[PDB]
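Residue numbers (the authors' numbering), protein chains in the order written: chain A, 9 to 110; chain B, 1130 to 1178; chain C, 885 to 920, 931 to 982; chain D, 51 to 64, 69 to 128, 153 to 589; chain E, 28 to 72; chain F, 244 to 339; chain G, 825 to 872; chain H, 15 to 78; chain I, 213 to 313, 319 to 365, 383 to 403, 406 to 450. Ideal Cβ positions, reconstructed from N, Cα and C, are used throughout, including at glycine.
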Amino acid sequence: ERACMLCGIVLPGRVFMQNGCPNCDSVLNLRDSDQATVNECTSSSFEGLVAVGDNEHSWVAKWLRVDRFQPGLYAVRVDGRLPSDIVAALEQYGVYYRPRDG
Amino acid sequence: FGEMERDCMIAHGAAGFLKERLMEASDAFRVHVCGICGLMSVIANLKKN
Amino acid sequence: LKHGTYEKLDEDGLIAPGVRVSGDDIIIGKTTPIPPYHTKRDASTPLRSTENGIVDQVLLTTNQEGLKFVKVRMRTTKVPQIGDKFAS
Amino acid sequence: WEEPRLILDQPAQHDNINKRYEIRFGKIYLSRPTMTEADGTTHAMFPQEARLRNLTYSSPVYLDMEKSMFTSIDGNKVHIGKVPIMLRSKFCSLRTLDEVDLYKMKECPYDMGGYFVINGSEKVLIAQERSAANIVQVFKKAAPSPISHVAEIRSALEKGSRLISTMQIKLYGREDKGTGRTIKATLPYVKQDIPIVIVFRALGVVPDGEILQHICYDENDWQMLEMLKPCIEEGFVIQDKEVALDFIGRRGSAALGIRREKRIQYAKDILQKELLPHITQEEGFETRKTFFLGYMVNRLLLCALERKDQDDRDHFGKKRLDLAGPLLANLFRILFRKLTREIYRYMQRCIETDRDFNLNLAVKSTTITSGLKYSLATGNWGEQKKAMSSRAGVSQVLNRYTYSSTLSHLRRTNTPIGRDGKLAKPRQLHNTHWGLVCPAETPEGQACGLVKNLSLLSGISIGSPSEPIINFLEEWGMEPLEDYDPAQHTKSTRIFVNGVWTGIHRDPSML
Amino acid sequence: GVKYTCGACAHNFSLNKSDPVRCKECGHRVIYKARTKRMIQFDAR
Amino acid sequence: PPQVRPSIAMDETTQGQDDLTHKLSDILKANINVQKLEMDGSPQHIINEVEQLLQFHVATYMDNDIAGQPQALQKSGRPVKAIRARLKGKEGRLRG
Amino acid sequence: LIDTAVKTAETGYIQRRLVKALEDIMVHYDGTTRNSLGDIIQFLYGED
Amino acid sequence: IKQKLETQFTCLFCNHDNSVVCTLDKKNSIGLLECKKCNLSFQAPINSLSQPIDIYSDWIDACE
Amino acid sequence: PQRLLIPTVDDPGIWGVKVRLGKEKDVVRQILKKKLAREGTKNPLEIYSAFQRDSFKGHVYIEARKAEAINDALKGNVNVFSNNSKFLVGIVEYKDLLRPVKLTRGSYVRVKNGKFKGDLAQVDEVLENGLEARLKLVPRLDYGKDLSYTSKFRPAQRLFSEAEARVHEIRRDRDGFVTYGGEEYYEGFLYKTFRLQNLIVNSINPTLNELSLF
RNA sequence: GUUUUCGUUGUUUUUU
Ligand SMILES: [Mg+2]
Ligand SMILES: [Zn+2]
Ligand SMILES: [Zn+2]
Ligand SMILES: [Zn+2]
Ligand SMILES: [Zn+2]
């Protein structure tokens, strides 16, 4: 269960090795990159366990920016910082990553 | 030393033996007390006095 | 160490069976290290000061954890004496 | 087999599939003593070996598991530990060997075992006495109380030899004081008392005619009728089983918001369950419960009238000595229940990983082993975390200072009544120990008069199955309780087996 | 060095606080020490 | 001082800290936890609960014979020996 | 035997309570009987 | 004698616990209930064998 | 700016039911999967989100609108205290429930895990990912006096010197820099790959030994 | 060379 940087959805590490991030893999390509990228985009340290089942009208979803993202476990805080390449690609594609650790 | 023992020897009234026995033959102790507060709150050293 | 003596102990830290014993006498010689030279401490077994006799049977075996584990039996006659109790 | 199924499930919609990870248990397998040396070498033991090297004379035990899958889209010999074994027993390595090899292993023949060797320490259990369970017990409560007589019974399941609950009744109202001579009941898992008529109506007999029939059987006893009359008068609001039940379910000590939907059913459950389970635990025999309750309340009313003696609580025939059987049974019962809890839980946080558990890494036999070890070595018949409220001194270090001291030590009893309140009945000798316990031998001071000893000819029952007795009764024209009429069977004999009402008969002499 | 003896086979053997304590001759796992070499007296009273 | 609550050596060197020291440390921890509450998320109910637990700890360290409420204990299952318990009783300081 | 065992303990309790009751009383140079507080009990010890 | 009972029962309307006040009035064999938050009241006949728990049970049986 | 996403009355309420200690994450995930599986069913659960926070250990809060939804959600869950120890969440603290909330080189830090715990360190490098950082400690070696570790049998600390290492028991790369025993030693100090988890920098007060050395 | 230390708390048993 490594907390994703961008969307925050968390799934068992096997899930990301094999099933991936439901929303960020399109731009983060965790399924199709070295495990270094998967771990950097999905850290094993996280805080603020938020279970989301309905996100379309949940205020928690609007605050957490997961109203569009698939309902599921989400982590409020993720420590560390993204390396240069991941954030550079995110900003090139127009995804201004907002760290959720504050 | 039993309670009834105290009772019996007080009926006798051997005050001095009582005090010394409960002091010399038990945990006698000396302390220092500040009269103003009347408590044992003194900070003492002897060789420095 | 203990105020009692250690000479009757053996070269291993034990005492031979059938040795005269007096109270306050170190019957088992055990030592423990000191958490950091001269880093050990007495762990001996003086005999009960009130109890004297002769060593009956000295056992040396390992406990369940496999560590050395002794069972030492001392013995002596009990002679009836003034004030000793008897009953019909 | 008291707890033979653990049922799991996994309705994963990730597509509703019910993966039932059910676990079943096979036969129990008991080994002979066989320790494992720290050298890894294993060998059968002997008590003297443990005495020398401070070990416990215990035998490894195996129970058979069974892991069964019921996945609908809509085991092995597991070493469970080692059980200390009382010497000379059928599992004892000294039971055999006759007179000779005992010499070779340096065993005194004059020892008769009967004790447990733990870490080289021979330990002796102390049997505890007790009144016989599931008995009607009416007593005159202290006059300074609205209660005048107290009918008491601790209902326990005959199978399993384990307490389940207790129910008590009280004659409310004083002689021409407290208004009428009413009666209200006390129940398990409740918080208030209820008029007895109400509990009759919730059990099927709402009309008072049937209630009186089941209660009063000499209609000529108008006195009985008028003591119960206030109970009948107050029993007019409730007129059917559902109101009686919701009424009862309103006081079931449960949560708030059960609503009459489920309140009536929970009330009926506690009318069936938790209530006289020794009589019946299923449906369709609440009539048997009504008849038995009527008999018990009739006894209570006779006692209130005092036409019969209050059942002498000191009458020893009611008392019962729990041998090691029931004691160890309950101890291992609680320990196995804890083992069930922990293993079933480990299934929960190990099936989530969906790893095929070996049924080996999950189980730690240390639970039962260490629990029994503590409860015996320290003698606390209970977990190390429930030291308080746990009977200590049940097990003791044996006596080998002299032969006969040990002898009595093996023929000693215990009275777990406590020293709270001096009193005289218990310590006092009562005629009803005639030929049962040593009249002269007893401790001194606090222990005097309470701990007892088996008389030279007293013998303890181990228990026998009861159904053949039922057949013998059925064999001999047993008259059922539903064929029981107050006038017809006015001189017949009510039938009781193991103390519970087991029919009617008119000519008991021949049978 | 020191003289010991087994309890089962009845054989004396000497260990030097280095060998794990096991019967040198029949594997019996309980050994013992022997009498001392000093002389013993008794008042016989 | 330590004189009141010194170290007891269950087995030669192995010393179990006196339960008085244990409960003193416990109350200091509860105090610090209350201290650690307000500068961060302290949504009232959390403050109330933590202070309630601190009060429970203090009362237990004073007395464990508080009627109507169960006793305080150590991991062993043994109820804590409150100061009152040390003081009163047939073995109390006075009588003992 | 039971009665003896009960009586010894109960009597010991009574004796303890009583001795606590009257542990300080004294006769004095005046011959009066007064307590630690000085409240006279008897105007004269045994009236004699 | 009236007996106001500020009970712990939770009322369904404003969903506030301890908001139900079960004031029993046996004089006319007629009960009374009050809420301090939404002021909902309940009525039910009360025999010599009715309690605030029975009254709350009747309220649940009636409203829902 | 999240401030325009502040909660209001129209937003679903939060009922905070406390659960058994250490089982709060278990209850969170139980609620998540129960809601997901029962979403769209004939008995749907009116819960919007479930969350637990480290500070509020034992406290579980679910975004919902009716107590019936919470009662059905927690029904069938054993890790929850039998009590309905739930208190309605006020408007202001809805965001305070999810509020998330220093390390630099050359900063004094302490070791916790392993055997070198309780030894002050000075950070001198940090890994790019933000997971591991290198340090500047006082090496603690027995010089072969007991090699042929644990955290409780160690002697005092001494600054590393080349002569002692040469004599008692060693690859000289740069002046004063020796990678000995899988450990880097610069300027007579200790350098090792220490995890960010193994270290802490906030609220550390130097001790008498540290002020004597540092 | 003078000098110099063993634990607790429980339990159960008896001792009058
Ligand atoms: Mg005598
Ligand atoms: Zn993502
Ligand atoms: Zn002063
Ligand atoms: Zn041999
Ligand atoms: Zn309301």
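query: Residue span of the beta strand (DSSP E) that contains residue 915 of chain C, given as start and end; result: 915-917
query: Cβ-Cβ separation, residue 59 of chain A to residue 240 of chain I (assumed contact under 8 Å), whole Å; result: 5 Å
query: Residue 29 of chain H: contacting residues in chain I (beta-carbon distance under 8 Å); result: 278 and 279
query: Spatial distance of residue 319 of chain I from residue 213 of chain I (CA atoms); result: 23 Å
query: Residues near residue 345 of chain D in its chain [Cβ-Cβ closer than 7 Å; skip 5 each side]; result: 280, 323, 324, 326, 327 and 330
query: Beta-carbon gap between residue 404 of chain I and residue 334 of chain I smaller than 9 Å; result: Here chain I breaks off after 403 and picks up again at 406, leaving residue 404 of chain I without coordinates.
query: Secondary structure, alpha helix (DSSP H): runs of 4+ residues fully inside the stretch 22-109 of chain A; result: 33-36, 43-49, 67-72 and 92-100
query: Cβ-based contacts, 9 Å cut-off: residues of the stretch 96-124 of chain D near chain E; result: 103, 106 and 107
query: Contact with chain I by residue 287 of chain F, beta-carbon distance below 9 Å; result: yes
query: 8 Å CB neighbourhood of residue 57 of chain H in its chain, flanking five on each side removed; result: 44, 45, 46 and 47
query: Backbone CA spacing between residue 1152 of chain B and residue 324 of chain F [nearest angstrom]; result: 29 Å
query: Closer than 6 Å: residues whose CB approaches a heavy atom of ligand 5; result: H:25, H:27, H:28, H:30, H:33, H:49, H:51, H:52 and H:54
query: 6 Å CB neighbourhood of residue 161 of chain D in its chain, flanking five on each side removed; result: 112, 113 and 115
query: Short CB-CB distance (under 9 Å) between residue 67 of chain H and chain D; result: yes
query: Simplified DSSP state of residue 62 of chain D, which is helix, strand or coil; result: strand
query: Rounded distance between the beta-carbons of residue 387 of chain I and residue 919 of chain C, thought under 8 Å; result: 6 Å
query: Lining residues of ligand 3 - beta-carbon closer than 7 Å to any non-hydrogen atom, in sequence order; result: B:1163, B:1165, B:1166, B:1168 and B:1170
query: Contact set between the stretch 435-448 of chain I and chain A, restricted to residues whose Cβ is under 9 Å from the partner; result: none
query: Secondary structure of residue 325 of chain D, DSSP reduced to three states; result: helix
query: Within chain D, partners of residue 951 of chain C - CB distance below 9 Å; result: Chain D residues near residue 951 of chain C: none, gap ~11 Å exceeds 9 Å.
query: Residue 37 of chain A: CB within 8 Å of a non-hydrogen atom of ligand 2; result: no
query: Proximity to residue 99 of chain D [Cα-Cα], best of E:56, E:71 and E:66; result: E:56
query: Proximity of residue 243 of chain D and residue 353 of chain D at Cβ, strictly below 9 Å; result: yes
query: Distance CB(residue 18 of chain A)-CB(residue 77 of chain A) smaller than 9 Å; result: no
query: Span of the beta strand (DSSP E), counted from its first residue to its last, around residue 852 of chain G; result: It is not in any beta strand (DSSP E) - residue 852 of chain G carries neither H nor E in the DSSP assignment.
query: Close beta carbons around residue 493 of chain D, own chain, < 7 Å, minus the five adjacent residues each side; result: 207, 504, 528 and 529
query: Closer than 8 Å: residue 80 of chain A CB and nearest ligand 2 heavy atom; result: no
query: Supposed contact pair residue 34 of chain E and residue 59 of chain E - C-beta distance, whole angstroms, cut 8 Å; result: 6 Å
query: Minimum Cβ-Cβ distance from residue 320 of chain F to chain D less than 9 Å; result: yes
query: Partners in chain A for residue 313 of chain I, counting only beta-carbon separations shorter than 8 Å; result: 85, 109 and 110
query: Interface residues of the stretch 941-975 of chain C facing chain D [CB-CB below 8 Å]; result: 953, 955, 956, 957, 958, 959, 960, 963 and 965
query: 7 Å Cβ shell around residue 271 of chain D - same chain, five flanking residues per side excluded; result: 262, 263 and 264
query: Between the CA atoms of residue 369 of chain D and residue 286 of chain D - distance to the nearest angstrom; result: 13 Å
query: Nearest candidate by alpha-carbon position, reference residue 60 of chain H, set H:51, H:52 and H:70; result: H:70
query: Segment contact flag, the stretch 390-407 of chain D with the stretch 536-549 of chain D, C-beta cutoff 8 Å, min 3 pairs; result: yes
query: As assigned by DSSP and simplified to three states, the class of residue 308 of chain D; result: helix
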